[PDB]
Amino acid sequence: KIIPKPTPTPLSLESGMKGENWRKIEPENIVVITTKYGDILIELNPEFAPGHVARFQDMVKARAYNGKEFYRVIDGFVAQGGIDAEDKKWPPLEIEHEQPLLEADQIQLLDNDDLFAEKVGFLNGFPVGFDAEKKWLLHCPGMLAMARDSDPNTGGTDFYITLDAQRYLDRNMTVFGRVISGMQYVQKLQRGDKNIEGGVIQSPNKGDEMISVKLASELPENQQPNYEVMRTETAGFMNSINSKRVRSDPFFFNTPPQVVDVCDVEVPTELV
């Protein structure tokens, strides 16, 4: 029995210690992956993939990922990890590769070209593509998505983090999170070889361990890492875009083009 996708919920816009131009990340949507290198922190996105977020939370709370491995890692591509097995406790999910575009959705359009989509921009701090009917998350670097088999509804336990942009995967995979801290540790993960079992790390060697995985909500509040994200629908966010397009430093005797790759735009995200 494949688990059907539930209805999406827009991300909370609760004001934080910062101005009304920022939103609090809810603690249940913060995942802390502890590796020997340090902690990888991820913001989950139930606005695009509520079914996968719920599943991920369940597995994390159930300690299902503790001691598991990033068993498949290809440099410059993705770092993939999970239970590396089928478990009757965790049946497959319906794919959540895109969502209906809603009238309430406040997308900040990026007013320069993109190679893969006619329209790209930002929605609640996440990079997105959209058309008249649909919206989807972009496979920018540091995005969390669910691995699957050829049939779309086969994902549900094993995930990957993008090491570089993989835009060709857009609208074919369930993206349900983004890295907000510790991306450097993802980059330290033991690599496999793409020409050997598709990057699966081979015996006698094993991928680096997920020593523990928790939700911030599992910690007592006074130990919870408090994160806030700039609201990308505000005028203040444009600077984060115009700083990369308009480069006036005398360093440049050849003025750079007024263009920025949507996946290079950094959304202000701060620990509070």
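All residue numbers are counted from 1 along the displayed sequence.
On average the C-alpha atoms of 189 to 197 have higher B-factors than those of the other stretch, with 157 to 165 and 189 to 197 being the two compared. Annotation for 243 to 251 versus 37 to 45: the higher mean temperature factor (C-alpha) is found in 243 to 251.
Per the PDB entry, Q106 shows the highest C-alpha temperature factor of the residues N172, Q184, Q80, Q106. Annotation for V128: CA B-factor lies in the lowest third of the chain's modelled residues. Ranked by C-alpha B-factor against the other modelled residues of its chain, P257 falls in the middle third. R148: CA B factor lies in the lowest third for its chain, per the PDB record.
For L101, the recorded CA B-factor ranks within the middle third of the chain. Only modelled residues enter the ranking. Annotation for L93: C-alpha temperature factor in the middle third relative to the rest of the modelled chain, per the entry.
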